$ cat data_9.pdb   # PDB, C-alpha atoms (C1' of nucleotides)
ATOM      1  CA  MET B   6      28.160  31.947  56.453  1.00  0.00           C
ATOM      2  CA  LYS B   7      25.805  29.669  58.381  1.00  0.00           C
ATOM      3  CA  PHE B   8      22.141  29.200  57.532  1.00  0.00           C
ATOM      4  CA  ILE B   9      18.932  28.359  59.364  1.00  0.00           C
ATOM      5  CA  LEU B  10      16.539  26.128  57.394  1.00  0.00           C
ATOM      6  CA  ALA B  11      12.795  25.902  58.160  1.00  0.00           C
ATOM      7  CA  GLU B  12      13.436  27.218  61.694  1.00  0.00           C
ATOM      8  CA  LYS B  13      14.766  23.751  62.516  1.00  0.00           C
ATOM      9  CA  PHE B  14      18.229  23.162  61.028  1.00  0.00           C
ATOM     10  CA  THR B  15      21.525  25.033  61.222  1.00  0.00           C
ATOM     11  CA  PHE B  16      23.692  24.451  58.157  1.00  0.00           C
ATOM     12  CA  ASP B  17      27.443  25.095  58.018  1.00  0.00           C
ATOM     13  CA  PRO B  18      28.912  24.649  54.514  1.00  0.00           C
ATOM     14  CA  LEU B  19      32.423  25.709  55.521  1.00  0.00           C
ATOM     15  CA  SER B  20      32.394  22.720  57.897  1.00  0.00           C
ATOM     16  CA  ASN B  21      29.725  20.645  56.033  1.00  0.00           C
ATOM     17  CA  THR B  22      27.862  20.120  59.304  1.00  0.00           C
ATOM     18  CA  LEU B  23      24.123  19.868  59.925  1.00  0.00           C
ATOM     19  CA  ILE B  24      22.684  20.687  63.362  1.00  0.00           C
ATOM     20  CA  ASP B  25      19.148  20.209  64.652  1.00  0.00           C
ATOM     21  CA  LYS B  26      17.359  22.576  66.996  1.00  0.00           C
ATOM     22  CA  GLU B  27      15.767  19.466  68.504  1.00  0.00           C
ATOM     23  CA  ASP B  28      19.210  17.795  68.616  1.00  0.00           C
ATOM     24  CA  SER B  29      21.802  20.507  69.216  1.00  0.00           C
ATOM     25  CA  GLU B  30      24.438  18.039  70.426  1.00  0.00           C
ATOM     26  CA  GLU B  31      23.876  15.793  67.399  1.00  0.00           C
ATOM     27  CA  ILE B  32      25.824  17.098  64.397  1.00  0.00           C
ATOM     28  CA  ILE B  33      25.387  15.073  61.215  1.00  0.00           C
ATOM     29  CA  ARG B  34      28.096  14.731  58.574  1.00  0.00           C
ATOM     30  CA  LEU B  35      27.121  15.515  54.986  1.00  0.00           C
ATOM     31  CA  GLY B  36      29.321  14.862  51.983  1.00  0.00           C
ATOM     32  CA  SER B  37      30.771  17.575  49.800  1.00  0.00           C
ATOM     33  CA  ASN B  38      28.202  17.135  47.023  1.00  0.00           C
ATOM     34  CA  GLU B  39      25.197  17.385  49.341  1.00  0.00           C
ATOM     35  CA  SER B  40      26.692  20.395  51.105  1.00  0.00           C
ATOM     36  CA  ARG B  41      27.208  22.214  47.801  1.00  0.00           C
ATOM     37  CA  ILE B  42      23.685  21.277  46.703  1.00  0.00           C
ATOM     38  CA  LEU B  43      22.123  22.739  49.832  1.00  0.00           C
ATOM     39  CA  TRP B  44      24.464  25.737  49.631  1.00  0.00           C
ATOM     40  CA  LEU B  45      23.178  26.661  46.169  1.00  0.00           C
ATOM     41  CA  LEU B  46      19.602  26.053  47.285  1.00  0.00           C
ATOM     42  CA  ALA B  47      20.248  28.509  50.123  1.00  0.00           C
ATOM     43  CA  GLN B  48      22.006  31.018  47.850  1.00  0.00           C
ATOM     44  CA  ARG B  49      18.791  31.070  45.789  1.00  0.00           C
ATOM     45  CA  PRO B  50      16.019  30.707  48.392  1.00  0.00           C
ATOM     46  CA  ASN B  51      12.899  29.448  46.581  1.00  0.00           C
ATOM     47  CA  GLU B  52      13.788  30.457  43.012  1.00  0.00           C
ATOM     48  CA  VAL B  53      13.836  27.383  40.794  1.00  0.00           C
ATOM     49  CA  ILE B  54      17.294  26.041  40.012  1.00  0.00           C
ATOM     50  CA  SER B  55      18.248  23.896  37.023  1.00  0.00           C
ATOM     51  CA  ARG B  56      19.830  20.453  36.992  1.00  0.00           C
ATOM     52  CA  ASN B  57      22.556  21.621  34.622  1.00  0.00           C
ATOM     53  CA  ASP B  58      23.229  24.538  36.971  1.00  0.00           C
ATOM     54  CA  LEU B  59      23.670  22.247  39.980  1.00  0.00           C
ATOM     55  CA  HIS B  60      25.865  19.731  38.154  1.00  0.00           C
ATOM     56  CA  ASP B  61      27.973  22.613  36.824  1.00  0.00           C
ATOM     57  CA  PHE B  62      28.369  24.626  40.030  1.00  0.00           C
ATOM     58  CA  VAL B  63      29.082  21.523  42.106  1.00  0.00           C
ATOM     59  CA  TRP B  64      31.439  19.634  39.821  1.00  0.00           C
ATOM     60  CA  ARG B  65      32.852  22.315  37.514  1.00  0.00           C
ATOM     61  CA  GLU B  66      34.511  23.988  40.509  1.00  0.00           C
ATOM     62  CA  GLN B  67      36.477  20.852  41.460  1.00  0.00           C
ATOM     63  CA  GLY B  68      36.952  19.696  37.869  1.00  0.00           C
ATOM     64  CA  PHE B  69      35.185  16.402  38.535  1.00  0.00           C
ATOM     65  CA  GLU B  70      33.494  14.707  35.571  1.00  0.00           C
ATOM     66  CA  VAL B  71      30.397  12.708  36.546  1.00  0.00           C
ATOM     67  CA  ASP B  72      27.190  11.616  34.866  1.00  0.00           C
ATOM     68  CA  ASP B  73      23.884  13.420  35.308  1.00  0.00           C
ATOM     69  CA  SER B  74      22.336  10.724  37.517  1.00  0.00           C
ATOM     70  CA  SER B  75      24.964  11.432  40.181  1.00  0.00           C
ATOM     71  CA  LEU B  76      22.954  14.574  40.927  1.00  0.00           C
ATOM     72  CA  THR B  77      19.913  12.371  41.502  1.00  0.00           C
ATOM     73  CA  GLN B  78      21.901  10.171  43.903  1.00  0.00           C
ATOM     74  CA  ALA B  79      23.184  13.196  45.747  1.00  0.00           C
ATOM     75  CA  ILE B  80      19.657  14.575  46.123  1.00  0.00           C
ATOM     76  CA  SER B  81      18.400  11.184  47.308  1.00  0.00           C
ATOM     77  CA  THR B  82      21.104  11.018  49.984  1.00  0.00           C
ATOM     78  CA  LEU B  83      20.323  14.593  51.041  1.00  0.00           C
ATOM     79  CA  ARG B  84      16.638  13.676  51.307  1.00  0.00           C
ATOM     80  CA  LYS B  85      17.369  10.644  53.476  1.00  0.00           C
ATOM     81  CA  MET B  86      19.673  12.708  55.704  1.00  0.00           C
ATOM     82  CA  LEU B  87      17.125  15.543  56.032  1.00  0.00           C
ATOM     83  CA  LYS B  88      14.323  13.069  56.882  1.00  0.00           C
ATOM     84  CA  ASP B  89      12.288  14.762  54.143  1.00  0.00           C
ATOM     85  CA  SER B  90       9.464  12.688  52.689  1.00  0.00           C
ATOM     86  CA  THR B  91       9.708  12.552  48.905  1.00  0.00           C
ATOM     87  CA  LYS B  92       5.947  12.002  48.623  1.00  0.00           C
ATOM     88  CA  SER B  93       5.238  15.203  50.599  1.00  0.00           C
ATOM     89  CA  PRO B  94       8.324  17.416  50.262  1.00  0.00           C
ATOM     90  CA  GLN B  95       8.978  19.948  53.015  1.00  0.00           C
ATOM     91  CA  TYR B  96      12.630  20.876  52.347  1.00  0.00           C
ATOM     92  CA  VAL B  97      13.621  19.930  48.776  1.00  0.00           C
ATOM     93  CA  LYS B  98      11.143  19.749  45.891  1.00  0.00           C
ATOM     94  CA  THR B  99      11.649  18.151  42.478  1.00  0.00           C
ATOM     95  CA  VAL B 100      10.265  20.429  39.760  1.00  0.00           C
ATOM     96  CA  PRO B 101      10.227  18.073  36.751  1.00  0.00           C
ATOM     97  CA  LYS B 102      12.290  19.144  33.740  1.00  0.00           C
ATOM     98  CA  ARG B 103      13.249  22.348  35.559  1.00  0.00           C
ATOM     99  CA  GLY B 104      15.315  21.086  38.488  1.00  0.00           C
ATOM    100  CA  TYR B 105      14.855  21.399  42.246  1.00  0.00           C
ATOM    101  CA  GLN B 106      13.459  23.811  44.813  1.00  0.00           C
ATOM    102  CA  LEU B 107      14.257  24.814  48.397  1.00  0.00           C
ATOM    103  CA  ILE B 108      10.819  25.501  49.874  1.00  0.00           C
ATOM    104  CA  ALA B 109      11.974  25.667  53.502  1.00  0.00           C
ATOM    105  CA  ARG B 110      12.559  28.980  55.244  1.00  0.00           C
ATOM    106  CA  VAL B 111      16.174  30.123  54.829  1.00  0.00           C
ATOM    107  CA  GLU B 112      17.752  32.794  57.002  1.00  0.00           C
ATOM    108  CA  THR B 113      21.238  34.337  56.845  1.00  0.00           C
ATOM    109  CA  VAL B 114      22.692  35.296  60.225  1.00  0.00           C
ATOM    110  CA  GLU B 115      26.010  36.800  59.123  1.00  0.00           C
TER
ATOM    111  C1'  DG O   1      46.384  -5.670  50.582  1.00  0.00           C
ATOM    112  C1'  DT O   2      42.491  -3.280  51.682  1.00  0.00           C
ATOM    113  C1'  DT O   3      37.834  -0.859  52.226  1.00  0.00           C
ATOM    114  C1'  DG O   4      34.463   2.209  52.198  1.00  0.00           C
ATOM    115  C1'  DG O   5      32.449   6.245  49.946  1.00  0.00           C
ATOM    116  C1'  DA O   6      31.154   7.507  45.676  1.00  0.00           C
ATOM    117  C1'  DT O   7      30.349   7.043  41.350  1.00  0.00           C
ATOM    118  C1'  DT O   8      28.190   4.812  38.557  1.00  0.00           C
ATOM    119  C1'  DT O   9      24.264   0.834  36.930  1.00  0.00           C
ATOM    120  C1'  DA O  10      19.412  -1.430  38.159  1.00  0.00           C
ATOM    121  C1'  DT O  11      14.754  -1.547  39.118  1.00  0.00           C
ATOM    122  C1'  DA O  12      10.371   0.918  40.188  1.00  0.00           C
ATOM    123  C1'  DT O  13       7.397   4.531  40.918  1.00  0.00           C
ATOM    124  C1'  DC O  14       5.554   9.047  39.645  1.00  0.00           C
ATOM    125  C1'  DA O  15       4.210  13.045  36.352  1.00  0.00           C
ATOM    126  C1'  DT O  16       3.560  14.851  31.836  1.00  0.00           C
ATOM    127  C1'  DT O  17       2.145  14.509  27.181  1.00  0.00           C
ATOM    128  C1'  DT O  18      -0.457  12.293  23.914  1.00  0.00           C
ATOM    129  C1'  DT O  19      -4.085   9.037  22.242  1.00  0.00           C
ATOM    130  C1'  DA O  20      -8.693   6.968  22.124  1.00  0.00           C
ATOM    131  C1'  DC O  21     -13.387   7.873  22.509  1.00  0.00           C
ATOM    132  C1'  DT O  22     -17.394  11.084  23.870  1.00  0.00           C
ATOM    133  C1'  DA O  23     -20.838  15.111  23.113  1.00  0.00           C
ATOM    134  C1'  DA O  24     -22.411  19.650  21.662  1.00  0.00           C
ATOM    135  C1'  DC O  25     -22.702  23.436  18.471  1.00  0.00           C
ATOM    136  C1'  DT O  26     -22.535  25.437  13.372  1.00  0.00           C
ATOM    137  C1'  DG O  27     -23.434  25.648   8.853  1.00  0.00           C
ATOM    138  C1'  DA O  28     -24.565  23.878   4.924  1.00  0.00           C
ATOM    139  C1'  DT O  29     -26.350  20.906   1.351  1.00  0.00           C
ATOM    140  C1'  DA O  30     -28.716  17.524  -0.914  1.00  0.00           C
ATOM    141  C1'  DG O  31     -32.840  14.714  -1.464  1.00  0.00           C
ATOM    142  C1'  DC O  32     -37.625  13.654  -1.146  1.00  0.00           C
ATOM    143  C1'  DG O  33     -42.487  14.743  -1.093  1.00  0.00           C
ATOM    144  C1'  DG O  34     -46.579  17.602  -1.681  1.00  0.00           C
ATOM    145  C1'  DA O  35     -49.461  21.456  -3.749  1.00  0.00           C
ATOM    146  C1'  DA O  36     -50.278  24.476  -7.567  1.00  0.00           C
ATOM    147  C1'  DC O  37     -49.698  25.931 -11.944  1.00  0.00           C
ATOM    148  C1'  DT O  38     -48.580  25.958 -16.679  1.00  0.00           C
ATOM    149  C1'  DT O  39     -47.376  23.213 -20.694  1.00  0.00           C
ATOM    150  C1'  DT O  40     -47.774  19.245 -23.499  1.00  0.00           C
ATOM    151  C1'  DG O  41     -50.110  15.260 -25.663  1.00  0.00           C
ATOM    152  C1'  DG O  42     -54.058  12.449 -27.222  1.00  0.00           C
ATOM    153  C1'  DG O  43     -58.924  12.258 -29.017  1.00  0.00           C
ATOM    154  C1'  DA O  44     -63.215  13.696 -31.389  1.00  0.00           C
ATOM    155  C1'  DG O  45     -65.080  16.477 -34.989  1.00  0.00           C
ATOM    156  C1'  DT O  46     -65.945  19.300 -39.378  1.00  0.00           C
ATOM    157  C1'  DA O  47     -72.821  18.338 -43.588  1.00  0.00           C
ATOM    158  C1'  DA O  48     -72.410  22.444 -51.589  1.00  0.00           C
ATOM    159  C1'  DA O  49     -69.967  18.198 -53.511  1.00  0.00           C
ATOM    160  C1'  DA O  50     -65.816  17.065 -54.010  1.00  0.00           C
ATOM    161  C1'  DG O  51     -66.606   9.885 -56.313  1.00  0.00           C
ATOM    162  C1'  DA O  52     -59.615   4.976 -60.883  1.00  0.00           C
ATOM    163  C1'  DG O  53     -51.275   5.673 -59.509  1.00  0.00           C
ATOM    164  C1'  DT O  54     -47.238   6.310 -60.388  1.00  0.00           C
ATOM    165  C1'  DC O  55     -42.999   7.227 -63.359  1.00  0.00           C
ATOM    166  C1'  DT O  56     -38.939   8.773 -64.628  1.00  0.00           C
ATOM    167  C1'  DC O  57     -36.317   5.511 -66.839  1.00  0.00           C
ATOM    168  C1'  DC O  58     -35.196   3.039 -71.049  1.00  0.00           C
ATOM    169  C1'  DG O  59     -26.515   3.745 -73.203  1.00  0.00           C
ATOM    170  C1'  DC O  60     -24.690  -4.200 -69.613  1.00  0.00           C
ATOM    171  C1'  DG O  61     -22.891  -8.570 -71.436  1.00  0.00           C
ATOM    172  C1'  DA O  62     -21.808 -13.681 -70.889  1.00  0.00           C
ATOM    173  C1'  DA O  63     -23.089 -17.812 -68.792  1.00  0.00           C
ATOM    174  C1'  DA O  64     -25.832 -20.805 -66.190  1.00  0.00           C
ATOM    175  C1'  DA O  65     -29.849 -22.382 -63.714  1.00  0.00           C
ATOM    176  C1'  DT O  66     -34.552 -22.518 -64.032  1.00  0.00           C
ATOM    177  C1'  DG O  67     -39.614 -23.337 -65.999  1.00  0.00           C
ATOM    178  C1'  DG O  68     -42.767 -24.515 -70.227  1.00  0.00           C
ATOM    179  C1'  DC O  69     -43.597 -27.202 -74.423  1.00  0.00           C
TER
END
$ encode --input "data_9.pdb" --output "structure tokens"
Amino acid sequence: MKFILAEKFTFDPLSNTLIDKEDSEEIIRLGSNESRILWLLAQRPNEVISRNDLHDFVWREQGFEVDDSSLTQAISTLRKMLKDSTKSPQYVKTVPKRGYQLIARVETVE
DNA sequence: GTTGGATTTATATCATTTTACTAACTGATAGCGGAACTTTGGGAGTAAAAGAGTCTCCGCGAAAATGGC
């Protein structure tokens, strides 16, 4: 289960690797939390997801107990690693009081 | 012993909801003023001659302060 995002990135959650079409050799390392965040965004391409849903699905599976702002820190790190401008979002959008959005094109190879 | 990622605090910027202050419409209602009309209010007048008041009541006594001589 590997994804293509916005016709530019290749995302591997089983290996938590991010690959660029511009930089195929360069594979960037994303933490578990960011990988699970993007994985749920891909599992629901462009339908609005809820902050409780993300905190649950990410940290209820591993039994971790963290505060709500940890989700905000995870999204901030994902934004800095995706080189996505928060002012003009192209990959991840913040829908206030509803959660987040994956506006980029998502394709499922296999 | 350690150290670095992450899992929280720290500070700032952005978005959403509400407040503060506009205007326009709607609908009425009261108040004031004028014109007309009906009612009220004051005044003048009456040409046989007619030419002196009541007024019932009037079942009180003892003492003192007043004129009048």
$ closest_residue --input "data_9.pdb" --among "B:89, B:61, B:70, B:12" --to "chain O" --atoms "all atoms listed in the file"
B:70
$ residues_around --input "data_9.pdb" --residues "range 46-48 of chain B" --least-positions-apart "4" --cutoff "9 Å" --atoms "only C-alpha atoms (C1' of nucleotides)" --output "PyMOL selection string"
chain B and resi 8+10+41-42+52-54+97+105-107+111-113
$ closest_residue --input "data_9.pdb" --among "B:13, B:38, B:86, B:77" --to "residue 64 in chain B" --atoms "all atoms listed in the file"
B:38
$ closest_residue --input "data_9.pdb" --among "B:32, B:9, B:71, B:59" --to "chain O" --atoms "only C-alpha atoms (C1' of nucleotides)"
B:71
$ interface_residues --input "data_9.pdb" --of "chain O" --to "chain B" --cutoff "8 Å" --atoms "only C-alpha atoms (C1' of nucleotides)" --output "PyMOL selection string"
chain O and resi 7-8+15
$ resolve_selection --input "data_9.pdb" --expression "the PyMOL selection byres ((chain B and resi 18) around 9)" --output "ChimeraX atom specification"
/B:6-8,16-17,19-23,37,40-41,43-44
$ resolve_selection --input "data_9.pdb" --expression "the PyMOL selection byres ((chain B and resi 96) around 8)" --output "PyMOL selection string"
chain B and resi 11+87+89+94-95+97-98+107-109
$ build_atoms --input "data_9.pdb" --residues "range 61-72 of chain B" --atoms "N, CA, C and O atoms" --output "PDB file, in the coordinates of the input"
ATOM      1  N   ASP B  61      26.884  21.694  37.126  1.00  0.00           N
ATOM      2  CA  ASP B  61      27.973  22.613  36.824  1.00  0.00           C
ATOM      3  C   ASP B  61      28.597  23.170  38.099  1.00  0.00           C
ATOM      4  O   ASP B  61      29.767  22.909  38.397  1.00  0.00           O
ATOM      5  N   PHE B  62      27.813  23.907  38.891  1.00  0.00           N
ATOM      6  CA  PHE B  62      28.369  24.626  40.030  1.00  0.00           C
ATOM      7  C   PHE B  62      29.022  23.676  41.021  1.00  0.00           C
ATOM      8  O   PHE B  62      30.044  24.021  41.622  1.00  0.00           O
ATOM      9  N   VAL B  63      28.487  22.467  41.173  1.00  0.00           N
ATOM     10  CA  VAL B  63      29.082  21.523  42.106  1.00  0.00           C
ATOM     11  C   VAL B  63      30.370  20.945  41.539  1.00  0.00           C
ATOM     12  O   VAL B  63      31.422  20.977  42.189  1.00  0.00           O
ATOM     13  N   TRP B  64      30.317  20.408  40.321  1.00  0.00           N
ATOM     14  CA  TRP B  64      31.439  19.634  39.821  1.00  0.00           C
ATOM     15  C   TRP B  64      32.308  20.351  38.799  1.00  0.00           C
ATOM     16  O   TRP B  64      33.362  19.817  38.442  1.00  0.00           O
ATOM     17  N   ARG B  65      31.917  21.533  38.317  1.00  0.00           N
ATOM     18  CA  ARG B  65      32.852  22.315  37.514  1.00  0.00           C
ATOM     19  C   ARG B  65      33.861  23.070  38.364  1.00  0.00           C
ATOM     20  O   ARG B  65      34.913  23.460  37.849  1.00  0.00           O
ATOM     21  N   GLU B  66      33.565  23.288  39.647  1.00  0.00           N
ATOM     22  CA  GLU B  66      34.511  23.988  40.509  1.00  0.00           C
ATOM     23  C   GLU B  66      35.690  23.094  40.873  1.00  0.00           C
ATOM     24  O   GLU B  66      36.833  23.562  40.943  1.00  0.00           O
ATOM     25  N   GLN B  67      35.433  21.809  41.116  1.00  0.00           N
ATOM     26  CA  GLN B  67      36.477  20.852  41.460  1.00  0.00           C
ATOM     27  C   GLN B  67      37.026  20.116  40.247  1.00  0.00           C
ATOM     28  O   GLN B  67      37.938  19.299  40.397  1.00  0.00           O
ATOM     29  N   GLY B  68      36.489  20.376  39.059  1.00  0.00           N
ATOM     30  CA  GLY B  68      36.952  19.696  37.869  1.00  0.00           C
ATOM     31  C   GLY B  68      36.550  18.244  37.766  1.00  0.00           C
ATOM     32  O   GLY B  68      37.044  17.539  36.885  1.00  0.00           O
ATOM     33  N   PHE B  69      35.663  17.773  38.639  1.00  0.00           N
ATOM     34  CA  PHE B  69      35.185  16.402  38.535  1.00  0.00           C
ATOM     35  C   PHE B  69      34.261  16.242  37.335  1.00  0.00           C
ATOM     36  O   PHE B  69      33.523  17.159  36.967  1.00  0.00           O
ATOM     37  N   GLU B  70      34.313  15.060  36.725  1.00  0.00           N
ATOM     38  CA  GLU B  70      33.494  14.707  35.571  1.00  0.00           C
ATOM     39  C   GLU B  70      32.634  13.512  35.963  1.00  0.00           C
ATOM     40  O   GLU B  70      33.145  12.396  36.108  1.00  0.00           O
ATOM     41  N   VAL B  71      31.334  13.746  36.138  1.00  0.00           N
ATOM     42  CA  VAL B  71      30.397  12.708  36.546  1.00  0.00           C
ATOM     43  C   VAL B  71      29.169  12.765  35.648  1.00  0.00           C
ATOM     44  O   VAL B  71      28.902  13.766  34.979  1.00  0.00           O
ATOM     45  N   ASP B  72      28.413  11.671  35.648  1.00  0.00           N
ATOM     46  CA  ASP B  72      27.190  11.616  34.866  1.00  0.00           C
ATOM     47  C   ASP B  72      26.088  12.433  35.536  1.00  0.00           C
ATOM     48  O   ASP B  72      26.227  12.920  36.661  1.00  0.00           O
TER      49      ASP B  72
END
